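Below sits a lone chain in structure tokens, taken as the form deposited in one PDB entry.
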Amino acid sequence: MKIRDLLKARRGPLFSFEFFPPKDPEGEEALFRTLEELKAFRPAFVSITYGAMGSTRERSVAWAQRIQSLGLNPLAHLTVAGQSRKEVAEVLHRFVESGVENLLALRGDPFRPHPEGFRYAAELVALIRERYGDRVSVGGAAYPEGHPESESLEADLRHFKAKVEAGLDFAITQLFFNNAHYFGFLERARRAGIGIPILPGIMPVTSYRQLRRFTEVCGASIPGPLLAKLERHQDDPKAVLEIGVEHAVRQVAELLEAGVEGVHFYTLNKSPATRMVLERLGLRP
């Protein structure tokens, strides 16, 4: 089912999970195990990421199909970096010919475009709509704290708006650790005339180091209390997992009481954190 329709039909929240194409047999087995655990929560959709320059193209397709084989509804990510327009179009056709009806149109990271490539995710959005109309549902990235490369936050929101207007049905946010970042962004988007659902992206912390590297790359901020607490227990993995889960639970309880349309979980191909968050919220069907 197209996410655009799920969002209107379902009055309770959509839970989604994000996974990446593992790069070796061991990784693949780990993801299969993670899938077997998380599918019992009956996610509204499951995303499969795409290597920035087209490096995972085959594996992304194969995992999209595998998600379908489990009875789950894939959201297929697709990037424009490092690919001709024709390459991007070919991969897109292969997703669509597989029965994938949900795409997440992204730029990807290296930034100079491919000589016959696109420059912006909005050009892929426009491609998809030009070729497939409403036969698919298209999402894009949003950055509550602003994309690192944007000259200003005003330009960031304007650029996001242009992307929406290319034909987005929904957006998924970059990770954030204080719900104020999300609600702020949401209000600013609405003031800018944007009406599409915008789903909060949540990463439950399972490792101090990982938190540090992720926020460093993507530009997200960490609350001072959370940082201190993680820093103290950084050497006790069980404590860290506990602290991350508690924090995501606090985050997600408020998002749901506020009426968000769904929550997208960055799982990093592991089940425990996401499982614990959902079980603590009373959300195991």
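When you see a residue number, it is the position in the sequence shown, counting from 1. Basically, rigid core = biggest C-alpha set you can superpose within 1.5 Å across the two forms. Residues that one form lacks are left out of the comparison.
There is another form of the same protein, the form deposited in another entry; it is not shown, and what comes next is about it.
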Given a cut-off of 2 Å on Cα movement between this form and the one not shown, rigid core as reference, pick the single residue from 100, 189, 211, 175 that exceeds or meets it. 211
After fitting the rigid core, is the C-alpha of residue 251 off by 2 Å or more between this form and the one not shown? no
Aligning on the rigid core, do we see the C-alpha of residue 33 shift 2 angstroms or more between this form and the one not shown? yes
With a 2 Å cutoff on C-alpha displacement after fitting the rigid core, which stretches of 3 or more consecutive residues move between this form and the one not shown? 32-34, 36-39, 211-216
